[PDB]
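File shown here: entry_13.tsv, holding TSV, C-alpha atoms.
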chain	number	residue	atom	x	y	z
A	15	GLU	CA	142.32	114.73	105.01
A	16	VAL	CA	144.75	117.68	105.20
A	17	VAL	CA	147.05	118.38	108.19
A	18	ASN	CA	147.13	121.83	109.79
A	19	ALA	CA	150.36	123.76	109.29
A	20	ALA	CA	151.96	125.89	112.00
A	21	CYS	CA	151.99	129.68	112.06
A	22	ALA	CA	154.49	132.04	110.48
A	23	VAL	CA	155.59	134.29	113.32
A	24	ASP	CA	156.47	137.99	112.85
A	25	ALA	CA	157.31	140.86	115.21
A	26	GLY	CA	156.42	144.19	113.62
A	27	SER	CA	159.68	144.88	111.82
A	28	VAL	CA	160.86	142.36	109.25
A	29	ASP	CA	164.22	142.04	110.97
A	30	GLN	CA	162.36	140.86	114.08
A	31	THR	CA	163.47	144.10	115.69
A	32	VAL	CA	161.96	146.64	118.07
A	33	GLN	CA	163.14	150.24	118.44
A	34	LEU	CA	163.69	150.99	122.12
A	35	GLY	CA	164.67	154.59	121.39
A	36	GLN	CA	167.38	156.54	123.19
A	37	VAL	CA	168.45	155.81	126.76
A	38	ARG	CA	168.10	158.98	128.83
A	39	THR	CA	170.72	158.08	131.42
A	40	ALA	CA	169.95	161.08	133.64
A	41	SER	CA	166.42	159.69	133.82
A	42	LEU	CA	167.61	156.22	134.77
A	43	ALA	CA	169.38	157.39	137.92
A	44	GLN	CA	168.53	154.64	140.42
A	45	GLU	CA	167.46	151.02	140.68
A	46	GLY	CA	163.85	150.58	139.58
A	47	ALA	CA	163.83	153.54	137.22
A	48	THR	CA	162.17	152.72	133.89
A	49	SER	CA	162.01	154.18	130.39
A	50	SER	CA	158.71	154.81	128.68
A	51	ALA	CA	157.53	151.63	127.00
A	52	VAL	CA	157.52	150.96	123.26
A	53	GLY	CA	154.81	148.63	121.95
A	54	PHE	CA	155.23	145.93	119.32
A	55	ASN	CA	152.99	143.19	117.93
A	56	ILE	CA	153.83	139.55	117.35
A	57	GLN	CA	151.82	138.05	114.49
A	58	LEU	CA	150.87	134.44	113.87
A	59	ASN	CA	149.97	134.15	110.20
A	60	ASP	CA	149.07	131.57	107.58
A	61	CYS	CA	147.63	129.15	110.14
A	62	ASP	CA	144.25	127.96	111.39
A	63	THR	CA	143.05	130.41	114.04
A	64	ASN	CA	142.55	127.33	116.21
A	65	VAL	CA	146.23	126.42	116.04
A	66	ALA	CA	147.28	130.00	116.90
A	67	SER	CA	144.79	130.61	119.69
A	68	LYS	CA	145.53	127.16	121.10
A	69	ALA	CA	149.34	127.60	121.02
A	70	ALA	CA	151.25	128.61	124.17
A	71	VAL	CA	154.03	131.21	124.13
A	72	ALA	CA	156.87	132.52	126.30
A	73	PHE	CA	159.99	134.69	126.30
A	74	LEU	CA	163.53	133.38	126.80
A	75	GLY	CA	166.59	135.50	127.52
A	76	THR	CA	169.62	135.86	129.76
A	77	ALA	CA	168.92	138.03	132.79
A	78	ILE	CA	170.94	141.17	133.45
A	79	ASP	CA	172.19	139.63	136.70
A	80	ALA	CA	171.15	137.11	139.35
A	81	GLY	CA	169.29	139.93	141.08
A	82	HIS	CA	166.90	140.68	138.23
A	83	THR	CA	165.92	137.57	136.32
A	84	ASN	CA	162.93	139.16	134.60
A	85	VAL	CA	165.17	141.81	133.03
A	86	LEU	CA	167.31	141.16	129.98
A	87	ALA	CA	171.05	141.60	129.93
A	88	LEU	CA	172.10	144.11	127.26
A	89	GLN	CA	173.87	142.86	124.17
A	90	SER	CA	177.51	143.67	124.95
A	91	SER	CA	179.30	146.18	122.73
A	92	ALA	CA	182.88	146.35	121.45
A	93	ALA	CA	183.16	149.93	122.66
A	94	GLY	CA	181.31	148.75	125.77
A	95	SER	CA	177.60	148.94	126.55
A	96	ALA	CA	175.51	150.95	129.02
A	97	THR	CA	175.56	149.59	132.56
A	98	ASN	CA	172.95	149.11	135.29
A	99	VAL	CA	170.28	149.08	132.59
A	100	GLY	CA	168.42	146.17	131.04
A	101	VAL	CA	165.43	145.50	128.83
A	102	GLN	CA	162.10	144.36	130.20
A	103	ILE	CA	159.19	142.87	128.25
A	104	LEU	CA	155.62	143.56	129.34
A	105	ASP	CA	152.27	142.12	128.31
A	106	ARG	CA	149.37	144.16	126.89
A	107	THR	CA	148.78	145.34	130.47
A	108	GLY	CA	152.20	146.77	131.31
A	109	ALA	CA	152.99	143.78	133.51
A	110	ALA	CA	156.55	142.48	133.12
A	111	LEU	CA	157.10	138.98	131.70
A	112	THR	CA	159.54	136.41	133.07
A	113	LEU	CA	162.42	135.19	130.92
A	114	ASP	CA	162.45	131.45	131.57
A	115	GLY	CA	160.62	128.53	129.97
A	116	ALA	CA	157.61	129.86	131.87
A	117	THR	CA	155.08	129.54	129.07
A	118	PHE	CA	151.55	131.00	128.90
A	119	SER	CA	148.52	131.05	126.59
A	120	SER	CA	148.86	133.22	123.48
A	121	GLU	CA	145.56	135.15	123.64
A	122	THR	CA	145.64	135.92	119.93
A	123	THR	CA	143.05	138.13	118.25
A	124	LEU	CA	141.94	138.00	114.60
A	125	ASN	CA	142.78	141.71	114.58
A	126	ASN	CA	143.88	142.68	111.06
A	127	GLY	CA	142.66	139.42	109.48
A	128	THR	CA	145.53	137.63	111.27
A	129	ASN	CA	146.23	136.32	114.80
A	130	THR	CA	148.13	139.05	116.61
A	131	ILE	CA	149.43	139.50	120.18
A	132	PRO	CA	150.46	142.90	121.61
A	133	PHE	CA	153.55	143.41	123.77
A	134	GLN	CA	155.70	146.17	125.23
A	135	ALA	CA	159.41	146.70	125.85
A	136	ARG	CA	161.18	149.23	128.08
A	137	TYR	CA	164.44	149.91	129.88
A	138	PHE	CA	164.74	148.93	133.55
A	139	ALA	CA	167.40	150.51	135.76
A	140	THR	CA	169.44	148.30	138.02
A	141	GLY	CA	171.43	151.17	139.44
A	142	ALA	CA	172.72	154.40	137.92
A	143	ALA	CA	172.64	154.03	134.17
A	144	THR	CA	175.88	154.73	132.34
A	145	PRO	CA	175.96	155.62	128.64
A	146	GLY	CA	176.44	152.83	126.15
A	147	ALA	CA	175.01	150.91	123.23
A	148	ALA	CA	171.91	149.23	124.66
A	149	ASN	CA	170.76	146.57	122.19
A	150	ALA	CA	169.16	143.36	123.50
A	151	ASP	CA	168.16	139.87	122.33
A	152	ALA	CA	165.34	137.46	123.11
A	153	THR	CA	163.90	134.19	121.82
A	154	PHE	CA	160.13	133.99	121.52
A	155	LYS	CA	159.04	130.40	121.94
A	156	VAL	CA	155.79	129.06	120.51
A	157	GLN	CA	154.79	125.57	121.61
A	158	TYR	CA	152.00	123.86	119.71
A	159	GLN	CA	149.18	121.68	120.96
B	1	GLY	CA	158.70	135.25	109.24
B	2	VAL	CA	159.30	131.52	108.91
B	3	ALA	CA	156.82	128.73	109.59
B	4	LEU	CA	156.89	124.91	109.70
B	5	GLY	CA	154.74	122.82	107.37
B	6	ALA	CA	152.98	121.00	110.22
B	7	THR	CA	151.88	121.27	113.85
B	8	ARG	CA	153.07	117.75	114.61
B	9	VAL	CA	155.00	114.87	113.11
B	10	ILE	CA	154.07	111.20	113.30
B	11	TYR	CA	157.10	108.98	112.91
B	12	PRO	CA	156.02	105.43	112.05
B	13	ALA	CA	158.67	102.97	113.21
B	14	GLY	CA	160.54	101.26	110.39
B	15	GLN	CA	160.56	104.50	108.43
B	16	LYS	CA	164.10	105.64	107.59
B	17	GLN	CA	163.26	109.34	107.55
B	18	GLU	CA	160.44	111.87	107.65
B	19	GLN	CA	160.25	115.30	106.09
B	20	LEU	CA	159.19	118.61	107.64
B	21	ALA	CA	158.85	121.78	105.57
B	22	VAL	CA	160.26	125.11	106.64
B	23	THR	CA	159.18	128.24	104.80
B	24	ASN	CA	160.43	131.82	104.84
B	25	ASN	CA	157.55	133.92	103.56
B	26	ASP	CA	159.70	137.05	103.45
B	27	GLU	CA	161.84	137.68	100.37
B	28	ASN	CA	163.61	140.71	101.81
B	29	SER	CA	165.14	138.95	104.82
B	30	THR	CA	167.58	136.26	105.95
B	31	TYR	CA	167.31	133.73	108.78
B	32	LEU	CA	169.56	131.12	110.33
B	33	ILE	CA	167.53	128.01	111.06
B	34	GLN	CA	168.79	125.73	113.84
B	35	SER	CA	166.63	122.71	114.71
B	36	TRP	CA	166.93	119.83	117.18
B	37	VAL	CA	164.90	117.10	118.89
B	38	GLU	CA	164.33	116.72	122.63
B	39	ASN	CA	162.70	113.89	124.51
B	40	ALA	CA	159.65	114.13	126.75
B	41	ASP	CA	161.97	115.69	129.35
B	42	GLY	CA	163.30	118.37	127.01
B	43	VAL	CA	166.65	116.60	126.91
B	44	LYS	CA	168.35	116.50	123.51
B	45	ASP	CA	169.19	112.81	123.75
B	46	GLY	CA	169.83	112.30	120.04
B	47	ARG	CA	167.33	109.47	119.64
B	48	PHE	CA	166.24	111.34	116.52
B	49	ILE	CA	168.63	113.09	114.13
B	50	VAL	CA	167.58	116.30	112.32
B	51	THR	CA	169.34	117.43	109.15
B	52	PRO	CA	170.47	119.99	108.57
B	53	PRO	CA	170.94	120.92	112.25
B	54	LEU	CA	171.85	124.40	111.04
B	55	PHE	CA	171.29	126.17	107.70
B	56	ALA	CA	170.58	129.59	106.12
B	57	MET	CA	167.34	130.84	104.52
B	58	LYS	CA	167.70	133.92	102.29
B	59	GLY	CA	164.37	135.26	101.00
B	60	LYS	CA	161.20	133.54	99.78
B	61	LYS	CA	162.14	129.88	99.92
B	62	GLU	CA	161.08	126.50	101.21
B	63	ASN	CA	163.62	124.10	102.64
B	64	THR	CA	163.01	120.64	103.99
B	65	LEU	CA	164.23	119.21	107.27
B	66	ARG	CA	164.79	115.46	107.53
B	67	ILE	CA	164.13	113.59	110.76
B	68	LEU	CA	165.84	110.23	111.17
B	69	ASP	CA	165.04	107.42	113.57
B	70	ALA	CA	168.25	106.40	115.32
B	71	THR	CA	166.68	104.88	118.43
B	72	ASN	CA	168.22	101.49	117.74
B	73	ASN	CA	164.69	100.04	118.08
B	74	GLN	CA	164.87	100.36	121.86
B	75	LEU	CA	161.78	102.57	122.28
B	76	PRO	CA	158.60	100.88	123.59
B	77	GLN	CA	156.82	99.03	120.79
B	78	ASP	CA	153.41	98.86	122.44
B	79	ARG	CA	152.62	102.57	122.69
B	80	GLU	CA	153.48	105.99	121.30
B	81	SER	CA	156.55	107.79	122.64
B	82	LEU	CA	156.73	111.56	122.89
B	83	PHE	CA	159.50	113.81	121.57
B	84	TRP	CA	159.76	117.46	120.56
B	85	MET	CA	160.92	119.06	117.33
B	86	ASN	CA	162.41	122.50	117.95
B	87	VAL	CA	163.09	124.78	114.99
B	88	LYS	CA	164.75	128.09	115.87
B	89	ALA	CA	164.64	130.95	113.36
B	90	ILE	CA	167.27	133.65	113.95
B	91	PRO	CA	167.15	136.98	112.08
B	92	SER	CA	170.37	138.41	110.63
B	93	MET	CA	171.12	142.01	109.64
B	98	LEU	CA	172.76	148.96	111.64
B	99	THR	CA	170.77	151.48	113.68
B	100	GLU	CA	171.26	151.13	117.44
B	101	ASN	CA	168.93	150.49	120.37
B	102	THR	CA	166.61	147.62	119.50
B	103	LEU	CA	165.35	144.30	120.78
B	104	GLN	CA	166.39	141.51	118.39
B	105	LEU	CA	164.10	138.47	118.39
B	106	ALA	CA	164.52	134.80	117.45
B	107	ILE	CA	161.51	132.51	117.21
B	108	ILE	CA	161.20	128.87	118.24
B	109	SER	CA	158.56	126.60	116.86
B	110	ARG	CA	158.17	123.59	119.15
B	111	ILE	CA	155.98	120.76	117.84
B	112	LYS	CA	155.22	117.21	118.98
B	113	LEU	CA	157.16	114.31	117.44
B	114	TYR	CA	155.30	111.07	118.06
B	115	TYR	CA	157.17	107.80	117.69
B	116	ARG	CA	154.50	105.32	116.61
B	117	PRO	CA	155.18	101.56	116.63
B	118	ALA	CA	153.85	99.29	113.89
B	119	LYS	CA	151.16	96.58	113.91
B	120	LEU	CA	149.06	98.57	116.38
B	121	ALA	CA	145.60	97.16	117.08
B	122	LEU	CA	143.33	100.19	117.53
B	123	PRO	CA	143.15	102.32	114.36
B	124	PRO	CA	144.03	105.99	114.96
B	125	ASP	CA	140.68	107.06	113.47
B	126	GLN	CA	138.77	106.02	116.58
B	127	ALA	CA	141.05	106.71	119.55
B	128	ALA	CA	139.53	109.84	121.11
B	129	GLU	CA	136.14	108.08	121.33
B	130	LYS	CA	137.64	106.01	124.13
B	131	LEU	CA	138.45	108.84	126.53
B	132	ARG	CA	137.14	108.23	130.03
B	133	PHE	CA	136.66	110.59	132.96
B	134	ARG	CA	136.87	110.46	136.73
B	135	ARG	CA	135.57	113.47	138.66
B	136	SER	CA	136.83	114.27	142.15
B	137	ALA	CA	135.25	117.17	144.03
B	138	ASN	CA	137.76	119.65	142.58
B	139	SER	CA	139.69	117.68	139.99
B	140	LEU	CA	138.82	115.87	136.78
B	141	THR	CA	140.95	112.86	135.80
B	142	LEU	CA	141.11	111.92	132.11
B	143	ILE	CA	141.86	108.26	131.36
B	144	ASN	CA	143.48	107.22	128.08
B	145	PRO	CA	143.57	103.43	127.52
B	146	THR	CA	144.98	103.89	124.02
B	147	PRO	CA	148.60	103.45	122.81
B	148	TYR	CA	148.17	106.94	121.36
B	149	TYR	CA	148.97	110.29	122.96
B	150	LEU	CA	145.56	111.96	123.27
B	151	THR	CA	145.44	115.78	123.02
B	152	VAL	CA	142.31	117.05	124.76
B	153	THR	CA	141.19	120.62	124.10
B	154	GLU	CA	138.04	122.69	124.49
B	155	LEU	CA	137.34	120.52	127.51
B	156	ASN	CA	134.59	122.14	129.57
B	163	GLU	CA	142.32	123.64	131.10
B	164	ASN	CA	143.64	121.53	128.22
B	165	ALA	CA	145.25	118.13	128.70
B	166	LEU	CA	147.73	115.82	127.01
B	167	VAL	CA	146.80	112.35	128.23
B	168	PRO	CA	149.62	109.84	127.62
B	169	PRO	CA	148.93	106.37	126.14
B	170	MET	CA	147.93	103.79	128.76
B	171	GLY	CA	148.04	106.71	131.20
B	172	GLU	CA	145.94	109.36	132.93
B	173	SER	CA	145.99	113.13	133.32
B	174	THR	CA	144.38	115.34	135.97
B	175	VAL	CA	143.15	118.92	135.61
B	176	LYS	CA	141.95	121.11	138.48
B	180	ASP	CA	133.04	125.01	141.78
B	181	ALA	CA	132.93	123.01	138.52
B	182	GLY	CA	129.73	121.65	136.98
B	183	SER	CA	128.37	118.28	135.88
B	184	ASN	CA	128.08	117.40	132.20
B	185	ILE	CA	131.30	117.59	130.20
B	186	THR	CA	132.31	117.96	126.55
B	187	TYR	CA	135.61	117.88	124.69
B	188	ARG	CA	137.39	117.35	121.39
B	189	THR	CA	140.91	116.49	120.25
B	190	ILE	CA	143.57	117.48	117.73
B	191	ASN	CA	144.13	114.56	115.34
B	192	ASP	CA	147.28	113.50	113.44
B	193	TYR	CA	146.54	116.29	111.00
B	194	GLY	CA	146.73	118.95	113.68
B	195	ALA	CA	143.01	119.26	112.99
B	196	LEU	CA	140.04	119.12	115.36
B	197	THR	CA	137.96	116.00	115.85
B	198	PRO	CA	134.22	116.52	116.36
B	199	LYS	CA	132.98	117.38	119.85
B	200	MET	CA	132.28	114.49	122.20
B	201	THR	CA	130.54	114.04	125.56
B	202	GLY	CA	132.64	112.87	128.49
B	203	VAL	CA	132.06	109.37	129.85
B	204	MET	CA	132.72	108.04	133.34

Show me, as structure tokens, the structure contained in the file I just sent.
Amino acid sequence: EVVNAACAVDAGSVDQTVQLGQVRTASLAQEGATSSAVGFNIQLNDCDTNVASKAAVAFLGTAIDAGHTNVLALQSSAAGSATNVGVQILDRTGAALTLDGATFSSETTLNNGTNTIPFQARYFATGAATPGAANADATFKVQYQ
Amino acid sequence: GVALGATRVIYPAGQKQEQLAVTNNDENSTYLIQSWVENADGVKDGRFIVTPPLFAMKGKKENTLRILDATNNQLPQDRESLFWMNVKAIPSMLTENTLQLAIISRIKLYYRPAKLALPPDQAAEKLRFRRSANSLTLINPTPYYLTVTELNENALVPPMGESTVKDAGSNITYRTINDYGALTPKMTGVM
């Protein structure tokens, strides 16, 4: 009787990274302005499709400010980072995801012989954007049944 | 990406330690692996010690985490007790403008007393049900944490406890994930 092992998680790039492209600050003029969204796939590999499909996932991250808790704060720069802009993570349907321990079902597909879940990331304006490095971090959390 | 060697960990009481494999399938990358235990309430109460709490993985490798019982024997000895193993993999690398991602694998850590009466082989077969107009109540009379799935929402029914899930039908089927993170055969619900 052999025990099931958990999945090896990936996120497109091997550095678990996602290119958000430039930040057109003139196009992020006021609160609620948003960049065009870049898609990325999380992959659950080397595990029984039952374990992956059954798992429940969520996104964790520090909000840009108390006013926008579903938007990520930018990673702060030494030269200083862009302001009044954050990163927002959407599901396959363009809907924005929360950033707390608010977990949800993975909805994995055996697309590409492996259990993959699509996502999107974009910039969300919080006021007038101001130029600056606009990196961002987030923990993906996979909880197993 | 990095994965754990199991979906769950059964810690038999009396055992000094238990092992849990961690594997980085990528040879071209480096992670920092930070892992810790929480209790049923997600509080890192240090009942169980994980070593190393923090360590580096560079390339195709397999390291082993060690989980140590330090509960002082004060956990209930009549029933399982639920904890959570949390292993956090953090990438480490530059071109600008990107979302950096760390992954957390959270699995169940079951503290299992010794000299238990009911063998673990035949625990699920005891699940009982109690329907209520718009809510089904699952009853688990076993000292084991039952994990009900493919119940036609899922349910984790605690030992000696119950668990309720919310135009439903009549006849009901289910199965469970055993100690081996594997699926037991399907079973019919019983009132």

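The space separating atom CA of residue B:67 from atom CA of residue B:10 comes to 10.6 Å.
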
Q: Counting only C-alpha atoms, figure out which residue out of B:106, B:22, B:140, B:131 gets nearest to residue B:2.
A: B:22

Q.
When you look at residue B:86 with a cut-off of 7 Å (counting only C-alpha atoms), what residues show up, excluding the ones that are within fewer than 5 positions of it in the same chain? I need them as a ChimeraX atom specification.
A. /B:35-37,108-111

**Q.** Interface list for chain B, partner chain A, 8 Å threshold, only C-alpha atoms, as a ChimeraX atom specification
**A.** /B:1-7,25-26,29,91-93,100-112,151,190,192-195

Q | Counting only C-alpha atoms, the residue of B:203, B:90, B:30, B:119 that sits nearest residue B:142 | A |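 Of B:203, B:90, B:30, B:119, the one nearest residue B:142, counting only C-alpha atoms, is B:203.
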
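Interatomic distance, atom CA of residue A:49 against atom CA of residue A:122: 26.7 Å.
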
**Q.** Distance in Å - atom CA of residue B:170 versus atom CA of residue B:204
**A.**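 Going from atom CA of residue B:170 over to atom CA of residue B:204 covers 16.4 Å.
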
Q.
Need to verify the contact set: residue B:17, 9 Å, all atoms listed in the file, exclusion of same-chain residues closer than 6 positions in sequence. Can you return it as an MDAnalysis selection string?
A. chainID B and resid 11 66:69

Q. Any idea what's packed within 9 Å of residue A:145, counting all atoms listed in the file, ignoring anything in its chain fewer than 5 positions away? Could you give it as a count of residues only?
A. 6

Reconstruct stretch 104-137 of chain A at the level of N, CA and C atoms, and format the result as a PDB file, in the frame of the given file.
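See rebuild_37.pdb below for the written result:
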ATOM      1  N   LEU A 104     156.910 143.554 128.667  1.00  0.00           N
ATOM      2  CA  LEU A 104     155.620 143.560 129.340  1.00  0.00           C
ATOM      3  C   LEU A 104     154.514 143.026 128.434  1.00  0.00           C
ATOM      4  N   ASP A 105     153.454 142.520 129.051  1.00  0.00           N
ATOM      5  CA  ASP A 105     152.270 142.120 128.310  1.00  0.00           C
ATOM      6  C   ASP A 105     151.393 143.338 127.988  1.00  0.00           C
ATOM      7  N   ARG A 106     150.284 143.097 127.299  1.00  0.00           N
ATOM      8  CA  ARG A 106     149.370 144.160 126.890  1.00  0.00           C
ATOM      9  C   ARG A 106     148.992 145.081 128.056  1.00  0.00           C
ATOM     10  N   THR A 107     149.267 144.635 129.279  1.00  0.00           N
ATOM     11  CA  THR A 107     148.780 145.340 130.470  1.00  0.00           C
ATOM     12  C   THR A 107     149.900 146.017 131.261  1.00  0.00           C
ATOM     13  N   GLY A 108     151.085 146.103 130.668  1.00  0.00           N
ATOM     14  CA  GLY A 108     152.200 146.770 131.310  1.00  0.00           C
ATOM     15  C   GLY A 108     152.903 145.925 132.358  1.00  0.00           C
ATOM     16  N   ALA A 109     152.391 144.716 132.570  1.00  0.00           N
ATOM     17  CA  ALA A 109     152.990 143.780 133.510  1.00  0.00           C
ATOM     18  C   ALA A 109     154.230 143.148 132.904  1.00  0.00           C
ATOM     19  N   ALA A 110     155.308 143.034 133.673  1.00  0.00           N
ATOM     20  CA  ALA A 110     156.550 142.480 133.120  1.00  0.00           C
ATOM     21  C   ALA A 110     156.516 140.960 133.004  1.00  0.00           C
ATOM     22  N   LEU A 111     157.087 140.426 131.929  1.00  0.00           N
ATOM     23  CA  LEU A 111     157.100 138.980 131.700  1.00  0.00           C
ATOM     24  C   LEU A 111     158.408 138.359 132.161  1.00  0.00           C
ATOM     25  N   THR A 112     158.339 137.138 132.679  1.00  0.00           N
ATOM     26  CA  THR A 112     159.540 136.410 133.070  1.00  0.00           C
ATOM     27  C   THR A 112     160.340 136.022 131.835  1.00  0.00           C
ATOM     28  N   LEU A 113     161.543 135.489 132.040  1.00  0.00           N
ATOM     29  CA  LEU A 113     162.420 135.190 130.920  1.00  0.00           C
ATOM     30  C   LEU A 113     162.874 133.739 130.904  1.00  0.00           C
ATOM     31  N   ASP A 114     162.127 132.866 131.567  1.00  0.00           N
ATOM     32  CA  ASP A 114     162.450 131.450 131.570  1.00  0.00           C
ATOM     33  C   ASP A 114     161.477 130.689 130.672  1.00  0.00           C
ATOM     34  N   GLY A 115     161.528 129.363 130.734  1.00  0.00           N
ATOM     35  CA  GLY A 115     160.620 128.530 129.970  1.00  0.00           C
ATOM     36  C   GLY A 115     159.208 128.598 130.520  1.00  0.00           C
ATOM     37  N   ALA A 116     158.917 129.669 131.251  1.00  0.00           N
ATOM     38  CA  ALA A 116     157.610 129.860 131.870  1.00  0.00           C
ATOM     39  C   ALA A 116     156.601 130.280 130.826  1.00  0.00           C
ATOM     40  N   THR A 117     155.977 129.295 130.190  1.00  0.00           N
ATOM     41  CA  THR A 117     155.080 129.540 129.070  1.00  0.00           C
ATOM     42  C   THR A 117     153.682 129.981 129.528  1.00  0.00           C
ATOM     43  N   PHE A 118     152.925 130.597 128.622  1.00  0.00           N
ATOM     44  CA  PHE A 118     151.550 131.000 128.900  1.00  0.00           C
ATOM     45  C   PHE A 118     150.722 131.066 127.610  1.00  0.00           C
ATOM     46  N   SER A 119     149.399 131.086 127.748  1.00  0.00           N
ATOM     47  CA  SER A 119     148.520 131.050 126.590  1.00  0.00           C
ATOM     48  C   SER A 119     148.606 132.317 125.744  1.00  0.00           C
ATOM     49  N   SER A 120     148.543 132.148 124.426  1.00  0.00           N
ATOM     50  CA  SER A 120     148.860 133.220 123.480  1.00  0.00           C
ATOM     51  C   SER A 120     147.879 134.401 123.500  1.00  0.00           C
ATOM     52  N   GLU A 121     146.586 134.111 123.637  1.00  0.00           N
ATOM     53  CA  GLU A 121     145.560 135.150 123.640  1.00  0.00           C
ATOM     54  C   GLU A 121     145.575 135.980 122.363  1.00  0.00           C
ATOM     55  N   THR A 122     145.577 135.286 121.230  1.00  0.00           N
ATOM     56  CA  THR A 122     145.640 135.920 119.930  1.00  0.00           C
ATOM     57  C   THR A 122     144.291 136.490 119.559  1.00  0.00           C
ATOM     58  N   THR A 123     144.290 137.572 118.784  1.00  0.00           N
ATOM     59  CA  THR A 123     143.050 138.130 118.250  1.00  0.00           C
ATOM     60  C   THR A 123     143.129 138.191 116.728  1.00  0.00           C
ATOM     61  N   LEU A 124     142.024 137.867 116.055  1.00  0.00           N
ATOM     62  CA  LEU A 124     141.940 138.000 114.600  1.00  0.00           C
ATOM     63  C   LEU A 124     141.907 139.475 114.178  1.00  0.00           C
ATOM     64  N   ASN A 125     142.637 140.306 114.912  1.00  0.00           N
ATOM     65  CA  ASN A 125     142.780 141.710 114.580  1.00  0.00           C
ATOM     66  C   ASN A 125     143.689 141.885 113.366  1.00  0.00           C
ATOM     67  N   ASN A 126     143.172 142.540 112.331  1.00  0.00           N
ATOM     68  CA  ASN A 126     143.880 142.680 111.060  1.00  0.00           C
ATOM     69  C   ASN A 126     143.920 141.363 110.279  1.00  0.00           C
ATOM     70  N   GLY A 127     142.777 140.681 110.209  1.00  0.00           N
ATOM     71  CA  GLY A 127     142.660 139.420 109.480  1.00  0.00           C
ATOM     72  C   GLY A 127     143.643 138.317 109.855  1.00  0.00           C
ATOM     73  N   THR A 128     144.459 138.558 110.882  1.00  0.00           N
ATOM     74  CA  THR A 128     145.530 137.630 111.270  1.00  0.00           C
ATOM     75  C   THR A 128     145.667 137.572 112.796  1.00  0.00           C
ATOM     76  N   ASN A 129     146.232 136.488 113.341  1.00  0.00           N
ATOM     77  CA  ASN A 129     146.230 136.320 114.800  1.00  0.00           C
ATOM     78  C   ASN A 129     147.365 137.036 115.490  1.00  0.00           C
ATOM     79  N   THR A 130     147.074 138.204 116.048  1.00  0.00           N
ATOM     80  CA  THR A 130     148.130 139.050 116.610  1.00  0.00           C
ATOM     81  C   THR A 130     148.093 139.179 118.144  1.00  0.00           C
ATOM     82  N   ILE A 131     149.276 139.294 118.745  1.00  0.00           N
ATOM     83  CA  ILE A 131     149.430 139.500 120.180  1.00  0.00           C
ATOM     84  C   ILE A 131     150.281 140.727 120.469  1.00  0.00           C
ATOM     85  N   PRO A 132     149.744 141.667 121.258  1.00  0.00           N
ATOM     86  CA  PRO A 132     150.460 142.900 121.610  1.00  0.00           C
ATOM     87  C   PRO A 132     151.461 142.676 122.730  1.00  0.00           C
ATOM     88  N   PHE A 133     152.552 143.430 122.700  1.00  0.00           N
ATOM     89  CA  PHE A 133     153.550 143.410 123.770  1.00  0.00           C
ATOM     90  C   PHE A 133     154.199 144.781 123.928  1.00  0.00           C
ATOM     91  N   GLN A 134     154.982 144.930 124.990  1.00  0.00           N
ATOM     92  CA  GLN A 134     155.700 146.170 125.230  1.00  0.00           C
ATOM     93  C   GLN A 134     157.132 145.872 125.639  1.00  0.00           C
ATOM     94  N   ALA A 135     158.026 146.828 125.413  1.00  0.00           N
ATOM     95  CA  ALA A 135     159.410 146.700 125.850  1.00  0.00           C
ATOM     96  C   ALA A 135     159.885 148.045 126.410  1.00  0.00           C
ATOM     97  N   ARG A 136     160.658 148.004 127.494  1.00  0.00           N
ATOM     98  CA  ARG A 136     161.180 149.230 128.080  1.00  0.00           C
ATOM     99  C   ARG A 136     162.517 148.977 128.723  1.00  0.00           C
ATOM    100  N   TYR A 137     163.178 150.046 129.157  1.00  0.00           N
ATOM    101  CA  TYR A 137     164.440 149.910 129.880  1.00  0.00           C
ATOM    102  C   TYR A 137     164.168 149.893 131.379  1.00  0.00           C
TER     103      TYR A 137
END
